[PDB]
There are 4 protein chains.
Amino acid sequence: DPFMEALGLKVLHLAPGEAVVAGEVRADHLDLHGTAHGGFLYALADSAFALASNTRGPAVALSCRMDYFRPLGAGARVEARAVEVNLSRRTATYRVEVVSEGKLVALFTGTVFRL
Amino acid sequence: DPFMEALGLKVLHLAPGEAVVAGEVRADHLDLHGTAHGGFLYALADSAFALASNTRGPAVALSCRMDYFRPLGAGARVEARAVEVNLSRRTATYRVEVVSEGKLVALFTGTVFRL
Amino acid sequence: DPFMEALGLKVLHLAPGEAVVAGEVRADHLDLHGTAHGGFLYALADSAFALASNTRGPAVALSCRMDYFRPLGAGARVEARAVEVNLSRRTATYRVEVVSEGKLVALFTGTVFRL
Amino acid sequence: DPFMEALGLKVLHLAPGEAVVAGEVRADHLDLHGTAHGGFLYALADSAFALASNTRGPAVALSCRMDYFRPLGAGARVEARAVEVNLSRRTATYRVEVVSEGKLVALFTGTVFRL
Ligand SMILES: [Cl-]
Ligand SMILES: [Mg+2]
């Protein structure tokens, strides 16, 4: 995955219906506030979401939600843990918890269309 | 904005409560499908969202939704147009339309907490 | 629609990809705070959403988002105005504005899976 | 809660950061398809969401997401089980699972603004 690699993300866990992607907030991931850009944290969660969902077969995202709980400073290590919430014949939904220092710093919810 | 620059995004319009950010889907923005990664398109929309929201004063994102309508291939030019939907004293909501070739390819909805 | 009827909702306008549903905040629509229950406002928006999407053929709702901006008191007349944002072969997305006395009370965003 | 009462909903469990609300899909809860109206299921989840969040002090809902997985028929007994995902100084987020006959019917995600 080009974008994943470009962001320095690594797959730490992969299994049917699940995946964990980890990354560090680098200097090129900060925003106007000096903290982790919302797009970086989303990209992280979305990547885990893409991996987990596609273990069930080709799937494309339809709708995703991202809830942010605490701004992260440069150097933070973040992990996105994707778990399967629902698996239908044409769609599937996953929950992705974004964790840093053992606490949930963001919550991602996404649904895909199964090809 | 470091992440914005790292993704090759440019601000094309800025005004009270609004902003337009544009970018091109580069080789480092593709995903496992060979099309624009969901995180790239979100980062684009989120950047316009951040700019528009912060014209009203310091604001941080609370919850955002991204709805994807068509996968984009390498080289696509994309524009994220942010408009203010609601402005309250402690929160504000924006709609961000992602357009390519004159058509809406994604819809972003986000709410911020005003600092 | 039984639930619509039960809540006293009326279809004011219905055309390709759009619909307007109206209702009044009744005594049986209030929450403890004494204002319009979030579920009532959602039911109103969801009803317009359903009618607008049906104009394109049978479909089932997948994911919906409701953003609340202002509280409504008992007796308020309110409307849900749905418009089509995207129509694809397999899904469709609509925006629904909940309005009362000329003010935007809430914003509903929803996607359906076309059957 | 008037609206809760009107829909026949019952509070089964209420503890710090969590709540369980139960109800039955009645004749006045159906849509045209003859299945549980999306607004009824949302009202159920929203009610548990409200009760769970109130355990932390007064708060108003900002943004909520509802993901529908399975249709429910008339007479079905259903429950909304809310759990706290995040508690911050100014906001809080909850996950609410809508269950019937041991199956996950829908997933509700909501954030409140703490007063
Ligand atoms: Cl959402
Ligand atoms: Mg009644």
# chains A, B, ... in the order shown; residues from 1 in each chain; ligands from 1
>>> closest_atom_pairs(of="chain A", to="ligand 1", cutoff="8 Å", atoms="only C-alpha atoms and all ligand atoms", output="JSON lines")
{"residue": "A:63", "atom": "CA", "partner": "ligand 1", "partner_atom_place_in_ligand_line": "1 (Cl)", "distance": 7.7}
{"residue": "A:64", "atom": "CA", "partner": "ligand 1", "partner_atom_place_in_ligand_line": "1 (Cl)", "distance": 6.6}
{"residue": "A:65", "atom": "CA", "partner": "ligand 1", "partner_atom_place_in_ligand_line": "1 (Cl)", "distance": 4.6}
{"residue": "A:66", "atom": "CA", "partner": "ligand 1", "partner_atom_place_in_ligand_line": "1 (Cl)", "distance": 7.6}
>>> write_last_selection(atoms="N, CA, C and O atoms", output="mmCIF file, in the first residue's frame")
data_model
loop_
_atom_site.group_PDB
_atom_site.id
_atom_site.type_symbol
_atom_site.label_atom_id
_atom_site.label_comp_id
_atom_site.auth_asym_id
_atom_site.auth_seq_id
_atom_site.Cartn_x
_atom_site.Cartn_y
_atom_site.Cartn_z
ATOM 1 N N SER A 63 -18.880 4.538 3.885
ATOM 2 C CA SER A 63 -18.996 5.626 4.858
ATOM 3 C C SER A 63 -18.174 5.352 6.108
ATOM 4 O O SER A 63 -18.186 4.260 6.669
ATOM 5 N N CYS A 64 -17.419 6.384 6.529
ATOM 6 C CA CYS A 64 -16.598 6.262 7.727
ATOM 7 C C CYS A 64 -16.775 7.468 8.633
ATOM 8 O O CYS A 64 -17.028 8.584 8.190
ATOM 9 N N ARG A 65 -16.674 7.201 9.952
ATOM 10 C CA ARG A 65 -16.750 8.259 10.956
ATOM 11 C C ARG A 65 -15.502 8.227 11.815
ATOM 12 O O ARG A 65 -14.946 7.175 12.109
ATOM 13 N N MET A 66 -15.026 9.429 12.168
ATOM 14 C CA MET A 66 -13.855 9.533 13.020
ATOM 15 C C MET A 66 -14.126 10.496 14.164
ATOM 16 O O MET A 66 -14.516 11.642 13.964
#
>>> residues_near_ligand(ligand="ligand 2", cutoff="9 Å", atoms="only C-alpha atoms and all ligand atoms", output="list in words")
residues 3, 6, 7 and 28 of chain C; 3, 6, 7 and 28 of chain D
>>> interface_residues(of="chain A", to="chain D", cutoff="10 Å", atoms="only C-alpha atoms", output="ChimeraX atom specification")
/A:63-65,67-70,85-88,91-93,97,103-111
>>> residues_around(residues="residue C:34", least_positions_apart="3", cutoff="12 Å", atoms="only C-alpha atoms", output="ChimeraX atom specification")
/C:25-31,37-38,71-75 /D:1-3
>>> write_last_selection(atoms="C-alpha atoms", output="short mmCIF file (atom, residue, chain, number, x, y, z; two decimals), in the first residue's frame")
data_model
loop_
_atom_site.label_atom_id
_atom_site.label_comp_id
_atom_site.auth_asym_id
_atom_site.auth_seq_id
_atom_site.Cartn_x
_atom_site.Cartn_y
_atom_site.Cartn_z
CA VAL C 25 -43.28 18.93 18.31
CA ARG C 26 -46.06 17.41 20.40
CA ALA C 27 -46.24 16.69 24.12
CA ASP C 28 -45.39 13.05 23.38
CA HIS C 29 -42.23 14.15 21.52
CA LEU C 30 -40.40 15.79 24.43
CA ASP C 31 -37.50 14.50 26.46
CA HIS C 37 -36.29 14.45 21.79
CA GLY C 38 -33.34 13.70 19.52
CA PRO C 71 -33.09 22.71 20.80
CA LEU C 72 -36.79 22.92 19.90
CA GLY C 73 -39.63 23.54 22.31
CA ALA C 74 -43.09 22.01 22.48
CA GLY C 75 -45.45 23.23 19.78
CA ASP D 1 -38.91 10.94 29.28
CA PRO D 2 -42.20 11.55 27.40
CA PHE D 3 -40.98 10.31 24.02
#
>>> select_by_dssp(residues="chain A", states="helix (DSSP H, G or I)", output="list in words")
residues 2, 3, 4, 5, 6, 27, 28, 29, 38, 39, 40, 41, 42, 43, 44, 45, 46, 47, 48, 49, 50, 51, 52, 53 and 54 of chain A
>>> write_last_selection(atoms="N, CA and C atoms", output="short mmCIF file (atom, residue, chain, number, x, y, z; two decimals), in the first residue's frame")
data_model
loop_
_atom_site.label_atom_id
_atom_site.label_comp_id
_atom_site.auth_asym_id
_atom_site.auth_seq_id
_atom_site.Cartn_x
_atom_site.Cartn_y
_atom_site.Cartn_z
N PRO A 2 0.96 1.94 -1.14
CA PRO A 2 1.77 3.15 -1.27
C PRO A 2 1.56 4.22 -0.21
N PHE A 3 0.31 4.62 0.02
CA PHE A 3 0.04 5.67 1.00
C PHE A 3 0.46 5.22 2.39
N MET A 4 0.19 3.96 2.72
CA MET A 4 0.59 3.43 4.02
C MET A 4 2.09 3.57 4.22
N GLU A 5 2.85 3.14 3.22
CA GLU A 5 4.30 3.20 3.30
C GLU A 5 4.79 4.64 3.37
N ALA A 6 4.18 5.51 2.58
CA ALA A 6 4.57 6.91 2.56
C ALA A 6 4.37 7.58 3.92
N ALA A 27 7.33 14.62 11.82
CA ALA A 27 7.28 16.06 11.57
C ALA A 27 6.38 16.40 10.38
N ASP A 28 6.31 15.46 9.40
CA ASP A 28 5.49 15.71 8.22
C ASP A 28 4.02 15.32 8.40
N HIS A 29 3.66 15.03 9.68
CA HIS A 29 2.28 14.62 9.97
C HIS A 29 1.56 15.63 10.86
N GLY A 38 -5.57 15.62 11.62
CA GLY A 38 -6.71 14.72 11.63
C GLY A 38 -6.64 13.70 10.50
N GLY A 39 -6.03 14.13 9.38
CA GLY A 39 -5.93 13.26 8.21
C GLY A 39 -4.95 12.11 8.43
N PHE A 40 -3.91 12.37 9.26
CA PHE A 40 -2.94 11.32 9.54
C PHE A 40 -3.56 10.23 10.41
N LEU A 41 -4.21 10.68 11.50
CA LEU A 41 -4.85 9.71 12.39
C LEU A 41 -5.92 8.92 11.65
N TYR A 42 -6.67 9.63 10.77
CA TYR A 42 -7.70 8.93 10.00
C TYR A 42 -7.05 7.94 9.03
N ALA A 43 -5.97 8.40 8.36
CA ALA A 43 -5.30 7.50 7.42
C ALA A 43 -4.86 6.22 8.12
N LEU A 44 -4.36 6.38 9.36
CA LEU A 44 -3.92 5.22 10.14
C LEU A 44 -5.08 4.25 10.37
N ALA A 45 -6.18 4.80 10.93
CA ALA A 45 -7.34 3.96 11.21
C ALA A 45 -7.92 3.34 9.94
N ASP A 46 -8.02 4.18 8.89
CA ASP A 46 -8.56 3.71 7.62
C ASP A 46 -7.73 2.57 7.04
N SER A 47 -6.40 2.64 7.25
CA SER A 47 -5.55 1.57 6.72
C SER A 47 -5.84 0.24 7.40
N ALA A 48 -6.03 0.30 8.74
CA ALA A 48 -6.36 -0.94 9.46
C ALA A 48 -7.71 -1.46 8.99
N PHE A 49 -8.63 -0.49 8.79
CA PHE A 49 -9.99 -0.78 8.31
C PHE A 49 -9.94 -1.47 6.94
N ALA A 50 -9.09 -0.92 6.05
CA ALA A 50 -8.97 -1.51 4.71
C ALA A 50 -8.43 -2.93 4.77
N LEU A 51 -7.38 -3.12 5.61
CA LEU A 51 -6.78 -4.45 5.71
C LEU A 51 -7.76 -5.48 6.29
N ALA A 52 -8.39 -5.10 7.43
CA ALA A 52 -9.33 -6.02 8.08
C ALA A 52 -10.48 -6.39 7.15
N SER A 53 -11.09 -5.36 6.53
CA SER A 53 -12.23 -5.61 5.65
C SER A 53 -11.88 -6.49 4.45
N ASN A 54 -10.68 -6.26 3.88
CA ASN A 54 -10.31 -6.99 2.67
C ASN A 54 -9.88 -8.45 2.94
#
>>> atom_distance(atom1="atom CA of residue D:10", atom2="atom CA of residue D:83")
17.2 Å
>>> residues_around(residues="residue A:12", least_positions_apart="5", cutoff="12 Å", atoms="only C-alpha atoms", output="mmCIF file with N, CA, C and O atoms, in the first residue's frame")
data_model
loop_
_atom_site.group_PDB
_atom_site.id
_atom_site.type_symbol
_atom_site.label_atom_id
_atom_site.label_comp_id
_atom_site.auth_asym_id
_atom_site.auth_seq_id
_atom_site.Cartn_x
_atom_site.Cartn_y
_atom_site.Cartn_z
ATOM 1 N N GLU A 18 -9.691 -8.892 11.092
ATOM 2 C CA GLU A 18 -9.004 -7.958 11.972
ATOM 3 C C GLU A 18 -7.604 -7.565 11.521
ATOM 4 O O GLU A 18 -6.983 -8.238 10.700
ATOM 5 N N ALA A 19 -7.113 -6.462 12.071
ATOM 6 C CA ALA A 19 -5.784 -5.974 11.739
ATOM 7 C C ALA A 19 -5.377 -4.839 12.661
ATOM 8 O O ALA A 19 -6.221 -4.109 13.179
ATOM 9 N N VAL A 20 -4.076 -4.712 12.882
ATOM 10 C CA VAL A 20 -3.540 -3.637 13.700
ATOM 11 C C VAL A 20 -2.448 -2.968 12.879
ATOM 12 O O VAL A 20 -1.562 -3.635 12.344
ATOM 13 N N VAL A 21 -2.539 -1.648 12.764
ATOM 14 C CA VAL A 21 -1.562 -0.860 12.021
ATOM 15 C C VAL A 21 -0.985 0.149 12.999
ATOM 16 O O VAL A 21 -1.719 0.759 13.781
ATOM 17 N N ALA A 22 0.332 0.316 12.967
ATOM 18 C CA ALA A 22 0.983 1.244 13.880
ATOM 19 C C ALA A 22 1.817 2.268 13.136
ATOM 20 O O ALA A 22 2.284 2.026 12.025
ATOM 21 N N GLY A 23 1.999 3.423 13.759
ATOM 22 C CA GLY A 23 2.788 4.462 13.138
ATOM 23 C C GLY A 23 3.200 5.471 14.182
ATOM 24 O O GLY A 23 2.725 5.432 15.315
ATOM 25 N N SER A 47 -6.398 2.639 7.248
ATOM 26 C CA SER A 47 -5.549 1.572 6.716
ATOM 27 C C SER A 47 -5.838 0.239 7.404
ATOM 28 O O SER A 47 -5.854 -0.815 6.782
ATOM 29 N N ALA A 48 -6.034 0.298 8.743
ATOM 30 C CA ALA A 48 -6.360 -0.936 9.455
ATOM 31 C C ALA A 48 -7.714 -1.455 8.992
ATOM 32 O O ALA A 48 -7.935 -2.648 8.833
ATOM 33 N N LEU A 51 -7.381 -3.122 5.607
ATOM 34 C CA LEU A 51 -6.780 -4.453 5.711
ATOM 35 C C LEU A 51 -7.759 -5.476 6.294
ATOM 36 O O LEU A 51 -7.922 -6.574 5.780
ATOM 37 N N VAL A 78 1.219 5.609 17.695
ATOM 38 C CA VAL A 78 -0.204 5.309 17.616
ATOM 39 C C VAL A 78 -0.476 3.952 16.988
ATOM 40 O O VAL A 78 0.225 3.523 16.073
ATOM 41 N N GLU A 79 -1.512 3.288 17.486
ATOM 42 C CA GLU A 79 -1.890 1.972 17.001
ATOM 43 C C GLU A 79 -3.375 1.989 16.664
ATOM 44 O O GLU A 79 -4.179 2.498 17.439
ATOM 45 N N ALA A 80 -3.728 1.443 15.505
ATOM 46 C CA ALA A 80 -5.123 1.373 15.083
ATOM 47 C C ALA A 80 -5.490 -0.102 15.084
ATOM 48 O O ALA A 80 -4.909 -0.894 14.340
ATOM 49 N N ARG A 81 -6.449 -0.465 15.932
ATOM 50 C CA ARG A 81 -6.891 -1.848 16.069
ATOM 51 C C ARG A 81 -8.286 -2.021 15.480
ATOM 52 O O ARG A 81 -9.263 -1.526 16.037
ATOM 53 N N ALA A 82 -8.369 -2.734 14.359
ATOM 54 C CA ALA A 82 -9.640 -2.960 13.680
ATOM 55 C C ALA A 82 -10.282 -4.288 14.047
ATOM 56 O O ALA A 82 -9.620 -5.329 14.067
#
>>> select_by_dssp(residues="stretch 15-88 of chain D", states="strand (DSSP E or B)", output="ChimeraX atom specification")
/D:15,18-24,30,35-36,59-68,73,77-87
>>> atom_distance(atom1="atom CA of residue C:11", atom2="atom CA of residue D:36")
19.6 Å
>>> decode(residues="stretch 68-113 of chain C", atoms="N, CA and C atoms", output="PDB file, in the first residue's frame")
ATOM      1  N   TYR C  68     -26.871  17.791  15.709  1.00  0.00           N
ATOM      2  CA  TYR C  68     -27.817  18.667  16.395  1.00  0.00           C
ATOM      3  C   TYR C  68     -27.247  20.058  16.649  1.00  0.00           C
ATOM      4  N   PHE C  69     -27.990  21.089  16.253  1.00  0.00           N
ATOM      5  CA  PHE C  69     -27.521  22.464  16.429  1.00  0.00           C
ATOM      6  C   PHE C  69     -28.289  23.289  17.449  1.00  0.00           C
ATOM      7  N   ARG C  70     -29.611  23.151  17.450  1.00  0.00           N
ATOM      8  CA  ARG C  70     -30.447  23.930  18.352  1.00  0.00           C
ATOM      9  C   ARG C  70     -31.601  23.122  18.925  1.00  0.00           C
ATOM     10  N   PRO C  71     -31.984  23.405  20.177  1.00  0.00           N
ATOM     11  CA  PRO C  71     -33.093  22.707  20.801  1.00  0.00           C
ATOM     12  C   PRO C  71     -34.422  23.263  20.307  1.00  0.00           C
ATOM     13  N   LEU C  72     -35.469  22.449  20.306  1.00  0.00           N
ATOM     14  CA  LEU C  72     -36.789  22.918  19.904  1.00  0.00           C
ATOM     15  C   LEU C  72     -37.765  22.692  21.042  1.00  0.00           C
ATOM     16  N   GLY C  73     -38.658  23.653  21.243  1.00  0.00           N
ATOM     17  CA  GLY C  73     -39.634  23.537  22.305  1.00  0.00           C
ATOM     18  C   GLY C  73     -40.945  22.944  21.832  1.00  0.00           C
ATOM     19  N   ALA C  74     -41.793  22.587  22.788  1.00  0.00           N
ATOM     20  CA  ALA C  74     -43.090  22.007  22.482  1.00  0.00           C
ATOM     21  C   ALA C  74     -43.911  22.960  21.621  1.00  0.00           C
ATOM     22  N   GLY C  75     -44.606  22.397  20.639  1.00  0.00           N
ATOM     23  CA  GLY C  75     -45.447  23.226  19.776  1.00  0.00           C
ATOM     24  C   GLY C  75     -44.751  23.700  18.485  1.00  0.00           C
ATOM     25  N   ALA C  76     -43.402  23.675  18.483  1.00  0.00           N
ATOM     26  CA  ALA C  76     -42.694  24.165  17.299  1.00  0.00           C
ATOM     27  C   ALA C  76     -43.080  23.383  16.039  1.00  0.00           C
ATOM     28  N   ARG C  77     -43.275  24.135  14.943  1.00  0.00           N
ATOM     29  CA  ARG C  77     -43.481  23.481  13.679  1.00  0.00           C
ATOM     30  C   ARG C  77     -42.136  23.289  13.025  1.00  0.00           C
ATOM     31  N   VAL C  78     -41.880  22.075  12.561  1.00  0.00           N
ATOM     32  CA  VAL C  78     -40.580  21.791  11.967  1.00  0.00           C
ATOM     33  C   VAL C  78     -40.724  21.011  10.661  1.00  0.00           C
ATOM     34  N   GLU C  79     -39.699  21.131   9.823  1.00  0.00           N
ATOM     35  CA  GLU C  79     -39.665  20.480   8.520  1.00  0.00           C
ATOM     36  C   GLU C  79     -38.327  19.794   8.296  1.00  0.00           C
ATOM     37  N   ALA C  80     -38.350  18.719   7.513  1.00  0.00           N
ATOM     38  CA  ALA C  80     -37.143  17.988   7.140  1.00  0.00           C
ATOM     39  C   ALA C  80     -37.118  18.090   5.621  1.00  0.00           C
ATOM     40  N   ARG C  81     -36.060  18.685   5.086  1.00  0.00           N
ATOM     41  CA  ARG C  81     -35.957  18.859   3.650  1.00  0.00           C
ATOM     42  C   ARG C  81     -34.798  18.041   3.095  1.00  0.00           C
ATOM     43  N   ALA C  82     -35.147  16.984   2.363  1.00  0.00           N
ATOM     44  CA  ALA C  82     -34.161  16.076   1.793  1.00  0.00           C
ATOM     45  C   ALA C  82     -33.792  16.365   0.344  1.00  0.00           C
ATOM     46  N   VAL C  83     -32.499  16.281   0.050  1.00  0.00           N
ATOM     47  CA  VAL C  83     -31.999  16.488  -1.304  1.00  0.00           C
ATOM     48  C   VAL C  83     -30.943  15.433  -1.593  1.00  0.00           C
ATOM     49  N   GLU C  84     -30.867  15.026  -2.853  1.00  0.00           N
ATOM     50  CA  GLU C  84     -29.929  14.003  -3.280  1.00  0.00           C
ATOM     51  C   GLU C  84     -28.531  14.565  -3.505  1.00  0.00           C
ATOM     52  N   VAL C  85     -27.542  13.902  -2.918  1.00  0.00           N
ATOM     53  CA  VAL C  85     -26.153  14.309  -3.035  1.00  0.00           C
ATOM     54  C   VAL C  85     -25.412  13.418  -4.027  1.00  0.00           C
ATOM     55  N   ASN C  86     -25.789  12.145  -4.059  1.00  0.00           N
ATOM     56  CA  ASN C  86     -25.169  11.193  -4.964  1.00  0.00           C
ATOM     57  C   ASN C  86     -26.073  10.021  -5.286  1.00  0.00           C
ATOM     58  N   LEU C  87     -26.044   9.598  -6.543  1.00  0.00           N
ATOM     59  CA  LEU C  87     -26.830   8.457  -6.980  1.00  0.00           C
ATOM     60  C   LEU C  87     -25.929   7.540  -7.792  1.00  0.00           C
ATOM     61  N   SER C  88     -25.621   6.375  -7.231  1.00  0.00           N
ATOM     62  CA  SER C  88     -24.783   5.408  -7.882  1.00  0.00           C
ATOM     63  C   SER C  88     -25.588   4.170  -8.187  1.00  0.00           C
ATOM     64  N   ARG C  89     -24.911   3.261  -8.901  1.00  0.00           N
ATOM     65  CA  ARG C  89     -25.594   2.042  -9.229  1.00  0.00           C
ATOM     66  C   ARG C  89     -25.980   1.248  -7.976  1.00  0.00           C
ATOM     67  N   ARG C  90     -25.109   1.302  -6.953  1.00  0.00           N
ATOM     68  CA  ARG C  90     -25.426   0.441  -5.814  1.00  0.00           C
ATOM     69  C   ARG C  90     -25.781   1.178  -4.524  1.00  0.00           C
ATOM     70  N   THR C  91     -25.427   2.469  -4.471  1.00  0.00           N
ATOM     71  CA  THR C  91     -25.769   3.250  -3.292  1.00  0.00           C
ATOM     72  C   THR C  91     -26.246   4.642  -3.690  1.00  0.00           C
ATOM     73  N   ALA C  92     -26.791   5.362  -2.716  1.00  0.00           N
ATOM     74  CA  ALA C  92     -27.226   6.736  -2.924  1.00  0.00           C
ATOM     75  C   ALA C  92     -27.103   7.470  -1.596  1.00  0.00           C
ATOM     76  N   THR C  93     -26.787   8.758  -1.653  1.00  0.00           N
ATOM     77  CA  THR C  93     -26.621   9.548  -0.441  1.00  0.00           C
ATOM     78  C   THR C  93     -27.443  10.831  -0.472  1.00  0.00           C
ATOM     79  N   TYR C  94     -28.052  11.158   0.665  1.00  0.00           N
ATOM     80  CA  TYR C  94     -28.897  12.340   0.782  1.00  0.00           C
ATOM     81  C   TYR C  94     -28.555  13.228   1.967  1.00  0.00           C
ATOM     82  N   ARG C  95     -28.803  14.525   1.802  1.00  0.00           N
ATOM     83  CA  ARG C  95     -28.599  15.498   2.863  1.00  0.00           C
ATOM     84  C   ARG C  95     -29.994  15.933   3.278  1.00  0.00           C
ATOM     85  N   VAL C  96     -30.242  16.016   4.579  1.00  0.00           N
ATOM     86  CA  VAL C  96     -31.562  16.427   5.045  1.00  0.00           C
ATOM     87  C   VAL C  96     -31.429  17.524   6.091  1.00  0.00           C
ATOM     88  N   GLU C  97     -31.963  18.703   5.786  1.00  0.00           N
ATOM     89  CA  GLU C  97     -31.909  19.811   6.711  1.00  0.00           C
ATOM     90  C   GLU C  97     -33.187  19.856   7.526  1.00  0.00           C
ATOM     91  N   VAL C  98     -33.058  19.957   8.847  1.00  0.00           N
ATOM     92  CA  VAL C  98     -34.211  20.039   9.733  1.00  0.00           C
ATOM     93  C   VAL C  98     -34.316  21.516  10.084  1.00  0.00           C
ATOM     94  N   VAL C  99     -35.430  22.129   9.691  1.00  0.00           N
ATOM     95  CA  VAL C  99     -35.633  23.560   9.881  1.00  0.00           C
ATOM     96  C   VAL C  99     -36.903  23.935  10.640  1.00  0.00           C
ATOM     97  N   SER C 100     -36.815  25.004  11.425  1.00  0.00           N
ATOM     98  CA  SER C 100     -37.957  25.500  12.181  1.00  0.00           C
ATOM     99  C   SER C 100     -37.832  27.011  12.315  1.00  0.00           C
ATOM    100  N   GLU C 101     -38.903  27.716  11.982  1.00  0.00           N
ATOM    101  CA  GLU C 101     -38.902  29.170  12.058  1.00  0.00           C
ATOM    102  C   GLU C 101     -37.702  29.770  11.326  1.00  0.00           C
ATOM    103  N   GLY C 102     -37.365  29.177  10.184  1.00  0.00           N
ATOM    104  CA  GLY C 102     -36.269  29.666   9.364  1.00  0.00           C
ATOM    105  C   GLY C 102     -34.865  29.356   9.844  1.00  0.00           C
ATOM    106  N   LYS C 103     -34.748  28.621  10.942  1.00  0.00           N
ATOM    107  CA  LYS C 103     -33.433  28.287  11.470  1.00  0.00           C
ATOM    108  C   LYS C 103     -33.100  26.809  11.314  1.00  0.00           C
ATOM    109  N   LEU C 104     -31.830  26.527  11.034  1.00  0.00           N
ATOM    110  CA  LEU C 104     -31.371  25.153  10.867  1.00  0.00           C
ATOM    111  C   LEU C 104     -31.186  24.534  12.246  1.00  0.00           C
ATOM    112  N   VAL C 105     -32.062  23.586  12.565  1.00  0.00           N
ATOM    113  CA  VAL C 105     -32.063  22.893  13.846  1.00  0.00           C
ATOM    114  C   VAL C 105     -31.101  21.708  13.883  1.00  0.00           C
ATOM    115  N   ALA C 106     -30.989  21.003  12.765  1.00  0.00           N
ATOM    116  CA  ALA C 106     -30.101  19.850  12.681  1.00  0.00           C
ATOM    117  C   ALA C 106     -29.817  19.498  11.228  1.00  0.00           C
ATOM    118  N   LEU C 107     -28.770  18.700  11.016  1.00  0.00           N
ATOM    119  CA  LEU C 107     -28.372  18.245   9.686  1.00  0.00           C
ATOM    120  C   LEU C 107     -28.250  16.723   9.704  1.00  0.00           C
ATOM    121  N   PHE C 108     -28.943  16.070   8.780  1.00  0.00           N
ATOM    122  CA  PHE C 108     -28.943  14.615   8.668  1.00  0.00           C
ATOM    123  C   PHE C 108     -28.272  14.219   7.352  1.00  0.00           C
ATOM    124  N   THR C 109     -27.385  13.232   7.415  1.00  0.00           N
ATOM    125  CA  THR C 109     -26.696  12.745   6.228  1.00  0.00           C
ATOM    126  C   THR C 109     -26.907  11.233   6.203  1.00  0.00           C
ATOM    127  N   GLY C 110     -27.398  10.699   5.089  1.00  0.00           N
ATOM    128  CA  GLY C 110     -27.632   9.266   5.037  1.00  0.00           C
ATOM    129  C   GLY C 110     -27.373   8.591   3.707  1.00  0.00           C
ATOM    130  N   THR C 111     -26.924   7.342   3.779  1.00  0.00           N
ATOM    131  CA  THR C 111     -26.635   6.557   2.590  1.00  0.00           C
ATOM    132  C   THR C 111     -27.476   5.284   2.583  1.00  0.00           C
ATOM    133  N   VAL C 112     -28.005   4.935   1.414  1.00  0.00           N
ATOM    134  CA  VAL C 112     -28.806   3.725   1.273  1.00  0.00           C
ATOM    135  C   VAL C 112     -28.116   2.748   0.333  1.00  0.00           C
ATOM    136  N   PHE C 113     -28.501   1.483   0.452  1.00  0.00           N
ATOM    137  CA  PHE C 113     -27.993   0.416  -0.396  1.00  0.00           C
ATOM    138  C   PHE C 113     -29.160   0.144  -1.337  1.00  0.00           C
TER     139      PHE C 113
END
